[PDB]
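> The structure is given below, and queries will be raised subsequently.
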Amino acid sequence: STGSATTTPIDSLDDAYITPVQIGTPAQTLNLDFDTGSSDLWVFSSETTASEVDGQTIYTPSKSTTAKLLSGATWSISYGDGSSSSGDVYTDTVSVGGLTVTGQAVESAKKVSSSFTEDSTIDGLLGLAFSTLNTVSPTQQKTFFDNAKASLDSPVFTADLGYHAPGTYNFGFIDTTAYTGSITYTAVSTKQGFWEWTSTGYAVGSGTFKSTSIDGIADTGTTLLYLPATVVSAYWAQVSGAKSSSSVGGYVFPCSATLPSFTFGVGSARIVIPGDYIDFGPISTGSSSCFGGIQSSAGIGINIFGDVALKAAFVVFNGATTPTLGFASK
């Protein structure tokens, strides 16, 4: 089997991407944030505290003839941005782009933190990291990809995120028309539950490539590119007037600037992030200070190849017995 679904930016900045997902019988379609940095499929629901729902579409398990309470199971998750959610668990039929999994754990939110409430465009998350990170207790549950893998034509999914435009998540096949050149594959460590890999270095604009190992995670659920402070300083030093602002919470730059590109290495290959992809717009409405899309990871504990980086590539998440990651230009 295969599946193919379009993923759409939630706003004009590409702050996140939503993909429609069918849950239950008859189908209830929710727009979920596919997140290769976590491993829970959770949704706003009829069980979510009413004051914490503000415009989201909810899953109502009582209206699904295939929903079953997973007795005794609870979940609770906290994300790197400080947001969180928790609740109980149903199993139900879940389909993405024509690919169907029966018996998928659908984690129903009883509580969500304010940032989820305040984002009316995201109805939940669909985790695509390794199932060892799944938070369901006392019986850990598998991701949608883990459940589908055996049925897929090939045990892979691909992320093709657009810049200011829709893109595609495919399951079970590699669309050879969706990228240019060849796909360069690189090793993955699953020891932390992430799609963790080592970039071979970077360049800023037309500058020379610096060969240096940068361990980080391919995370579709993180908006920006978080890299070591040395790398980030070298980037922003090429932008007149750019500075790190403690009050804003990262590097800002004059909105009048033209930003240089940023290149990262994948083995001997190179992925070029155009400068425009690094512009996240005014820090507050009407400001002439703009927020940068490359930020320091120094306070995180891990480097994160988020959407800013991944949207410059066609990315293969290869879930073979030994997982690997593939990157191609597009």
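Identifiers for the structure tokens are assigned positionally: chains receive A, B, ... in sequence, residues are indexed from 1 per chain, and ligands are indexed from 1 in the order shown.
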DSSP on the backbone: which residues in segment 73-226 of chain A end up as strand (DSSP E or B)? Give the answer as a PyMOL selection string.
chain A and resi 73-78+84-96+99-112+124-127+137+156-160+167-171+184-187+189+196-204+210-218+225-226
> If you count only C-alpha atoms, which residues fall within 7 Å of segment 317-327 of chain A, apart from same-chain ones fewer than 6 positions away, as a list in words?
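Contacts, with the query itself left out: residues 155, 156, 157, 158, 183, 184, 185, 186, 187 and 188 of chain A.
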> May I ask which of the residues A:262, A:256, A:199, A:330 is the closest one to residue 303 of chain A, counting only C-alpha atoms?
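Counting only C-alpha atoms, the residue closest to residue 303 of chain A is A:199.
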> So that I can see what lies close to residue 57 of chain A, please list as a ChimeraX atom specification the residues with an atom at most 12 Å from it, counting only C-alpha atoms and leaving out residues fewer than 3 positions away in the same chain.
/A:20-21,23,28-32,43-46,48,53-54,60,117,119-124
> From the list A:61, A:275, A:127, A:286, which residue is nearest residue 309 of chain A when using only C-alpha atoms?
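Closest to residue 309 of chain A, using only C-alpha atoms: A:275.
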> My list of candidates is A:103, A:26, A:281, A:306. Which is closest to residue 11 of chain A when distances are computed with only C-alpha atoms?
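Among the listed residues, the smallest separation from residue 11 of chain A belongs to A:281.
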> I'd like to know which residues of segment 44-285 of chain A are helix (DSSP H, G or I) (by DSSP, run on the backbone); could you write them as a ChimeraX atom specification?
/A:50-52,61-63,114-117,131-133,144-151,229-236,275-278
> The selected residues should be written to file as a compact mmCIF listing (two decimals), in the first residue's frame (atoms: N, CA, C and O atoms).

```
# COMPACT_ATOMS: atom_id res chain seq x y z
N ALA A 50 -13.61 22.58 27.80
CA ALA A 50 -14.26 23.42 26.80
C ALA A 50 -13.57 24.77 26.65
O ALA A 50 -13.45 25.30 25.54
N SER A 51 -13.10 25.34 27.76
CA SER A 51 -12.45 26.65 27.71
C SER A 51 -11.11 26.61 27.00
O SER A 51 -10.53 27.67 26.73
N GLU A 52 -10.60 25.42 26.68
CA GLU A 52 -9.32 25.25 26.02
C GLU A 52 -9.46 24.94 24.54
O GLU A 52 -8.45 24.73 23.86
N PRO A 61 -15.21 10.52 19.81
CA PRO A 61 -15.18 9.06 19.68
C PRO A 61 -16.54 8.42 19.77
O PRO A 61 -16.75 7.37 19.15
N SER A 62 -17.49 9.02 20.50
CA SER A 62 -18.80 8.39 20.65
C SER A 62 -19.56 8.34 19.33
O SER A 62 -20.52 7.56 19.22
N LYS A 63 -19.15 9.12 18.33
CA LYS A 63 -19.77 9.12 17.02
C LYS A 63 -19.07 8.19 16.03
O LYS A 63 -19.48 8.13 14.87
N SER A 114 -1.89 26.66 26.56
CA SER A 114 -2.46 27.84 25.93
C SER A 114 -2.05 27.98 24.47
O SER A 114 -2.84 28.43 23.64
N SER A 115 -0.81 27.61 24.13
CA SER A 115 -0.38 27.81 22.74
C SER A 115 -1.18 26.94 21.78
O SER A 115 -1.40 27.34 20.63
N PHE A 116 -1.62 25.76 22.22
CA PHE A 116 -2.47 24.93 21.37
C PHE A 116 -3.86 25.55 21.23
O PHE A 116 -4.39 25.67 20.12
N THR A 117 -4.44 26.01 22.34
CA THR A 117 -5.74 26.65 22.29
C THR A 117 -5.72 27.83 21.34
O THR A 117 -6.66 28.03 20.55
N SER A 131 8.78 4.95 17.97
CA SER A 131 7.73 4.65 18.94
C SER A 131 8.23 4.56 20.38
O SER A 131 7.43 4.67 21.31
N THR A 132 9.54 4.41 20.59
CA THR A 132 10.10 4.44 21.93
C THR A 132 9.85 5.76 22.66
O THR A 132 9.95 5.79 23.89
N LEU A 133 9.52 6.84 21.95
CA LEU A 133 9.19 8.11 22.60
C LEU A 133 7.70 8.24 22.94
O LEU A 133 7.32 9.23 23.57
N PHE A 144 1.65 5.93 13.80
CA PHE A 144 0.97 5.60 12.55
C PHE A 144 1.91 4.93 11.56
O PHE A 144 1.55 3.93 10.92
N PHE A 145 3.13 5.46 11.42
CA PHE A 145 4.08 4.88 10.48
C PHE A 145 4.51 3.49 10.91
O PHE A 145 4.57 2.57 10.09
N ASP A 146 4.78 3.30 12.20
CA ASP A 146 5.14 1.99 12.69
C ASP A 146 4.04 0.97 12.42
O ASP A 146 4.32 -0.15 11.99
N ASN A 147 2.78 1.36 12.64
CA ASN A 147 1.67 0.44 12.39
C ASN A 147 1.50 0.15 10.91
O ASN A 147 1.13 -0.97 10.54
N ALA A 148 1.75 1.14 10.05
CA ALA A 148 1.55 0.95 8.62
C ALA A 148 2.70 0.24 7.92
O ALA A 148 2.49 -0.31 6.83
N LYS A 149 3.89 0.24 8.53
CA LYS A 149 5.13 -0.06 7.83
C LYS A 149 5.04 -1.38 7.07
O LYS A 149 5.36 -1.45 5.88
N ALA A 150 4.60 -2.44 7.75
CA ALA A 150 4.63 -3.77 7.16
C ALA A 150 3.78 -3.84 5.90
O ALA A 150 4.07 -4.65 5.00
N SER A 151 2.73 -3.02 5.81
CA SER A 151 1.83 -3.05 4.67
C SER A 151 2.32 -2.20 3.52
O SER A 151 1.87 -2.38 2.38
N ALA A 229 26.02 27.81 18.55
CA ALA A 229 26.18 29.26 18.60
C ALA A 229 27.27 29.77 17.66
O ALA A 229 27.16 30.87 17.11
N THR A 230 28.36 29.00 17.50
CA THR A 230 29.43 29.41 16.59
C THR A 230 28.91 29.55 15.16
O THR A 230 29.23 30.52 14.45
N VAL A 231 28.14 28.56 14.70
CA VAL A 231 27.61 28.53 13.34
C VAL A 231 26.63 29.69 13.14
O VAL A 231 26.67 30.39 12.12
N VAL A 232 25.73 29.87 14.10
CA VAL A 232 24.71 30.91 14.01
C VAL A 232 25.33 32.31 14.01
O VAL A 232 24.90 33.20 13.27
N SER A 233 26.36 32.52 14.84
CA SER A 233 27.07 33.80 14.85
C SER A 233 27.72 34.07 13.50
O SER A 233 27.67 35.20 12.98
N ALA A 234 28.35 33.05 12.91
CA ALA A 234 28.96 33.22 11.60
C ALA A 234 27.93 33.61 10.55
O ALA A 234 28.22 34.39 9.64
N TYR A 235 26.72 33.04 10.62
CA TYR A 235 25.66 33.40 9.68
C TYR A 235 25.26 34.87 9.84
O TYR A 235 25.31 35.66 8.89
N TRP A 236 24.85 35.25 11.05
CA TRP A 236 24.28 36.58 11.26
C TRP A 236 25.31 37.70 11.16
O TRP A 236 24.93 38.85 10.91
N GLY A 275 18.08 32.59 1.17
CA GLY A 275 17.97 33.61 2.21
C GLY A 275 16.54 33.92 2.61
O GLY A 275 16.25 34.13 3.78
N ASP A 276 15.63 33.97 1.63
CA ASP A 276 14.24 34.32 1.93
C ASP A 276 13.62 33.34 2.91
O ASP A 276 12.74 33.72 3.69
N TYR A 277 14.06 32.08 2.91
CA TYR A 277 13.48 31.09 3.81
C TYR A 277 13.81 31.39 5.27
O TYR A 277 13.17 30.83 6.16
N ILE A 278 14.80 32.26 5.51
CA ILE A 278 15.30 32.57 6.85
C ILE A 278 14.62 33.80 7.44
O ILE A 278 14.89 34.17 8.59
```
> Which residue gives the smallest distance to residue 179 of chain A among A:34, A:90, A:59, A:314, with only C-alpha atoms counted?
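Of all the options, A:314 lies closest to residue 179 of chain A.
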> Report the distance between atom CA of residue 192 of chain A and atom CA of residue 74 of chain A in Å, rounded to one decimal place.
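Those two atoms sit 22.2 Å apart.
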